[PDB]
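Report on the following structure.
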Amino acid sequence: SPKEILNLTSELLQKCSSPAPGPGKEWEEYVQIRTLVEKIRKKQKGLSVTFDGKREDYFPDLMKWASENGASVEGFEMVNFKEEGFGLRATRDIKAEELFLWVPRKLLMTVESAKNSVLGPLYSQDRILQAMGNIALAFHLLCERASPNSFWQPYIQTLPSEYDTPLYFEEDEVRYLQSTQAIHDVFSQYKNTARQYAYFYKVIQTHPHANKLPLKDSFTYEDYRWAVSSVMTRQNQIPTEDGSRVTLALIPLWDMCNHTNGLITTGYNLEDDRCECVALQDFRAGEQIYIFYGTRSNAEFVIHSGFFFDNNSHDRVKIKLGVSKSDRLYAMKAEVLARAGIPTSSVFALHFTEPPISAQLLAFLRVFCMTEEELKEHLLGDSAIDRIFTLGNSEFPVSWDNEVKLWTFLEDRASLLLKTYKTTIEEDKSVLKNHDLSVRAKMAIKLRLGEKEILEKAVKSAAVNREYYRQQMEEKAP
Amino acid sequence: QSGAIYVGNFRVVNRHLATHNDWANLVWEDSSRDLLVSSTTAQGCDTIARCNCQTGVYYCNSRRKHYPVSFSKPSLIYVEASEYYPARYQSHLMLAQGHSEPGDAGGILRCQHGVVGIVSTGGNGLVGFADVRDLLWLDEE
Ligand SMILES: Nc1ncnc2c1ncn2[C@@H]1O[C@H](CSCC[C@H](N)C(=O)O)[C@@H](O)[C@H]1O
Numbered sequence: 021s022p023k024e025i026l027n028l029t030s031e032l033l034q035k036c037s038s039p040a041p042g043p044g045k046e047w048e049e050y051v052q053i054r055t056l057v058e059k060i061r062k063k064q065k066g067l068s069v070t071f072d073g074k075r076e077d078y079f080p081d082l083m084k085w086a087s088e089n090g091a092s093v094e095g096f097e098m099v100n101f102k103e104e105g106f107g108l109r110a111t112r113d114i115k116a117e118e119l120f121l122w123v124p125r126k127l128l129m130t131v132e133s134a135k136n137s138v139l140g141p142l143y144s145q146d147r148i149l150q151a152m153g154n155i156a157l158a159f160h161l162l163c164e165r166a167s168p169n170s171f172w173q174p175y176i177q178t179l180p181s182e183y184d185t186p187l188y189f190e191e192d193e194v195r196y197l198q199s200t201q202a203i204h205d206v207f208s209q210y211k212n213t214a215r216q217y218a219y220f221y222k223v224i225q226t227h228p229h230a231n232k233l234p235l236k237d238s239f240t241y242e243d244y245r246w247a248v249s250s251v252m253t254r255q256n257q258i259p260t261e262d263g264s265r266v267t268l269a270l271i272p273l274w275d276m277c278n279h280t281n282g283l284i285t286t287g288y289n290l291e292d293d294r295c296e297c298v299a300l301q302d303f304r305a306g307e308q309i310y311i312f313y314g315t316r317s318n319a320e321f322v323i324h325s326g327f328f329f330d331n332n333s334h335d336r337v338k339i340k341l342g343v344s345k346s347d348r349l350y351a352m353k354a355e356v357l358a359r360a361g362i363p364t365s366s367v368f369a370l371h372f373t374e375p376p377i378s379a380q381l382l383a384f385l386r387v388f389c390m391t392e393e394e395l396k397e398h399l400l401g402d403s404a405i406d407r408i409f410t411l412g413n414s415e416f417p418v419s420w421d422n423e424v425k426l427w428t429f430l431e432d433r434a435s436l437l438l439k440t441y442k443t444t445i446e447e448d449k450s451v452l453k454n455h456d457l458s459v460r461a462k463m464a465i466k467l468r469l470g471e472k473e474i475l476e477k478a479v480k481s482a483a484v485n486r487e488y489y490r491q492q493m494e495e496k497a498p
Numbered sequence: 006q007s008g009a010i011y012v013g014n015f016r017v018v019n020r021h022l023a024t025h026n027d028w029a030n031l032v033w034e035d036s037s038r039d040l041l042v043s044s045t046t047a048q049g050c051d052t053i054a055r056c057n058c059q060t061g062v063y064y065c066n067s068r069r070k071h072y073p074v075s076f077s078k079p080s081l082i083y084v085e086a087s088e089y090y091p092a093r094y095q096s097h098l099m100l101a102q103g104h105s106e107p108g109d110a111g112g113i114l115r116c117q118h119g120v121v122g123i124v125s126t127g128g129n130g131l132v133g134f135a136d137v138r139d140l141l142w143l144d145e146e
């Protein structure tokens, strides 16, 4: 206590409990919420529990505690890399597929561990903790952070103090992401996070089962902001002890490995009850041990992982497309959507790597320029079962003329989407080479560049595909 | 890891790997889903998730390990012919990147709220999961 914070949080829940004010008005609602948070944050002591030394000084303690329970601690070391921060560096030669990490479940922080810890009585009654493990795991991290007699202390002491999540960004830092699609998701991160902090700061003060928790003495925003940021950036799903379902988990040691493109090599072996990572490629002595974090977009990387990966082959931007209710052909097209698994409208993605379109967006865009005759060609006939199946195959064009329409539509839409951005692709390239941006600012701007960089490959491909199908009218081939 | 979902008095498995006894105790089938459901006498201890989770962990039989995957929504996707099914419309197929080779059909995919699906297709560095969450009728009686 004080409860000024409780009054300051009371407002955050309600304001953050509001629906979206609109587009263009969200920034005003964003800064409304940050100001109130900044008031609370500047009225609180920051991280409730702070470690006396520096981060790296606690890495040897991690290895011993891990080695006491059977974790691989040889073949790598803790090195502060410039480009990715702390990571693992091979102390010997590691071949491809060579298993070099194994971590028993006893060391991992899992929601099943949360339900068995001091948070368990609170989890028993709270439905939000019961529902969202990413939060429930964050509180498990904070509960044991404020517990000196904790099994997982050597792990928490290695965890960072700050992260590059948009939760840590400044208003100028988020100011660069305006007119983009990611910022609409960056807001959702801040809003939901803030809202959860307001809900939970109350419940700890009011719930009896929280009386024994050490968070009742101190539960700041910088605590919670660090907590969920810790979870969203280094969480991995593993099965529970019963194996009946999965659960989120903070896998120690394995999470310090940074990211490079490739395939997911990290698996959990329930038979051995432990996590196993095989080498993605050949790691010479002194080379950093990377892992593959997943096929996530650079938007998800900034928002959920906290960095921008160059040369990501899985970068993509969303695009909202739908059948306008002003269509004379709705009812005939309303049949396909239930049998082709396509919603009436939804978010589709334009992909960086070839092809920019998906087989499912093409399965939406093809039907978005058909005539009445071609709508009964898929519905009535001995080829109606084979043709709806070959709706995503580019080598099965439904009709030659429809092709140019679909690339024309995208030519119009994509060029429009470039206009929507506050800057141009040419201006963004110069700003990274010529300006001195914050570590976080560099992340956000490269994304705003990336988003436009994705479309530029979608525009010319649409242009290349449009000219191609336009050439087809001359030969009159079958 | 039995290669099948055991809930209540029901047994769910890929249609192309089912034993004849499954057809002897047939409850429901679909060639367009690679999904077969059979009646059992015991009470399976698997919970059907009714979530829209899109990040889950699946068992890779060839690697004998569980793997987290980000898979797309239940959708009708082209599957080229294999030794089991010639190419034909296949719906409710969540696709993700991972290792899935012949014999890996049967890996149980799960979300934080329970089971999501079961491996149906593979190839080209992708793994296909046949969705089950939709079948609410698949619950306790
Ligand atoms: N390509 C990349 N560039 C920069 N940072 C990266 C990265 N891939 C992963 N990271 C870092 O990895 C963090 C999750 S844990 C990875 C270990 C990290 N060295 C550490 O000291 O914690 C991310 O939040 C991000 O800071």
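For the protein sequence lines, the chains are A and B, in the order given.
Numbering of the first sequence is given in the UniProt record's numbering, commencing with residue 21 and proceeding in unit increments.
Numbering of the second sequence is given in the UniProt record's numbering, commencing with residue 6 and proceeding in unit increments.
For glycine and all other residues, C-beta sits at the position ideal for the given N, C-alpha and C.
Residue i: which of the options sits nearest, CA to CA?
i                      : options                       : result
residue 210 of chain A : A:47, A:345 and A:99          : A:47
residue 483 of chain A : A:259, A:32, A:430 and A:136  : A:430
residue 444 of chain A : A:455, A:470, A:422 and A:423 : A:470
residue 52 of chain B  : B:35, B:91, B:71 and B:12     : B:12
residue 312 of chain A : B:128, B:102 and B:107        : B:102
residue 379 of chain A : A:413, A:207 and A:490        : A:413
residue 141 of chain A : A:487, A:223, A:362 and A:292 : A:223
residue 197 of chain A : A:416, A:234, A:88 and A:467  : A:467
residue 26 of chain A  : A:474, A:359, A:427 and A:225 : A:225
residue 139 of chain A : A:324, A:29 and A:232         : A:232
residue 58 of chain B  : B:130, B:124 and B:115        : B:115
residue 39 of chain B  : B:60, B:123 and B:63          : B:123
residue 331 of chain A : A:322, A:325 and A:318        : A:318
residue 113 of chain A : A:376, A:383 and A:302        : A:302
residue 384 of chain A : A:356, A:348 and A:442        : A:356
residue 264 of chain A : B:93, B:112, B:133 and B:25   : B:112
residue 132 of chain B : B:92, B:62, B:141 and B:93    : B:62
residue 83 of chain B  : B:41, B:75 and B:129          : B:129
residue 366 of chain A : A:377, A:381 and A:359        : A:381
Cα separation between residue i and residue j?
i                      : j                      : result
residue 459 of chain A : residue 135 of chain A : 37 angstroms
residue 244 of chain A : residue 217 of chain A : 7 angstroms
residue 36 of chain A  : residue 60 of chain A  : 15 angstroms
residue 437 of chain A : residue 23 of chain B  : 50 angstroms
residue 32 of chain B  : residue 80 of chain B  : 24 angstroms
residue 139 of chain B : residue 55 of chain B  : 8 angstroms
residue 29 of chain A  : residue 422 of chain A : 55 angstroms
residue 49 of chain B  : residue 135 of chain B : 19 angstroms
residue 41 of chain A  : residue 240 of chain A : 28 angstroms
residue 19 of chain B  : residue 43 of chain B  : 11 angstroms
residue 23 of chain A  : residue 76 of chain A  : 37 angstroms
residue 343 of chain A : residue 60 of chain B  : 29 angstroms
residue 126 of chain A : residue 173 of chain A : 13 angstroms
residue 326 of chain A : residue 183 of chain A : 7 angstroms
residue 406 of chain A : residue 316 of chain A : 33 angstroms
residue 117 of chain B : residue 70 of chain A  : 32 angstroms
residue 455 of chain A : residue 418 of chain A : 49 angstroms
residue 427 of chain A : residue 453 of chain A : 34 angstroms
residue 447 of chain A : residue 45 of chain A  : 26 angstroms
residue 97 of chain B  : residue 255 of chain A : 28 angstroms
residue 227 of chain A : residue 201 of chain A : 39 angstroms
residue 185 of chain A : residue 496 of chain A : 55 angstroms
Please indicate yes or no: does the CB of residue i lie closer than 7 angstroms to some heavy atom of ligand 2?
i                      : result
residue 314 of chain A : No copy of ligand 2 occurs in the structure displayed; its ligands are ligand 1 alone.
Taking Cβ-Cβ distances below 8 angstroms as the criterion, which residues of the region 37-70 of chain B are in contact with chain A? Along the region 37-70 of chain B, going in chain order, the ones with a CB nearer than 8 angstroms to a CB of chain A are 50, 51, 52, 54, 60, 61, 62, 65, 68, 69 and 70.
Segment contact, 8 angstroms Cβ cut-off, at least three pairs: the region 367-374 of chain A with the region 331-348 of chain A: yes
Using Cβ-Cβ distances below 8 angstroms, what residues of the region 115-133 of chain B are close to chain A? 115, 116, 117, 118, 119, 120 and 130
Taking beta-carbon pairs under 7 angstroms, can you tell me which members of the region 282-310 of chain A lie near chain B? 283, 284, 287, 288, 289, 290 and 296
Taking beta-carbon pairs under 9 angstroms, can you tell me which members of the region 255-275 of chain A lie near chain B? 256, 257, 258, 259, 262, 263, 264, 265, 266, 267 and 268
Note down, in chain order, all residues in the region 341-363 of chain A with a beta-carbon under 7 angstroms from any beta-carbon belonging to chain B. 360 and 361
What are the residues of the region 408-427 of chain A that lie near chain B, defined by any Cβ-Cβ distance shorter than 9 angstroms? 408, 409, 410, 411, 412 and 413
Please name the residues in the region 76-87 of chain B whose beta-carbon is closer than 7 angstroms to at least one beta-carbon of chain A, in chain order. Within the region 76-87 of chain B, the residues whose Cβ lies closer than 7 angstroms to some Cβ of chain A are 79, 80, 81 and 83, listed in chain order.
Please determine if the region 280-291 of chain A and the region 249-260 of chain A are in contact, where contact requires at least 3 C-beta pairs separated by less than 8 angstroms. yes
Inter-stretch contact (C-beta, 8 angstroms, three-pair minimum) for the region 262-277 of chain A and the region 49-69 of chain A: no
Contact between the region 59-72 of chain B and the region 397-405 of chain A: three or more CB pairs below 8 angstroms? No, because fewer than three Cβ pairs between the region 59-72 of chain B and the region 397-405 of chain A fall closer than 8 angstroms, the two stretches do not touch.
Relative to chain B, which residues along the region 128-149 of chain A have a C-beta separation below 7 angstroms, given in chain order? none
Given 8 angstroms as the limit, is there contact between the region 73-91 of chain A and the region 176-183 of chain A, that is, 3 or more CB pairs closer than that? yes
What are the residues in the region 390-407 of chain A lying within 9 angstroms of chain B by C-beta distance? 405 and 406
Chain B contacts from the region 327-338 of chain A (Cβ-Cβ distance under 8 angstroms): none
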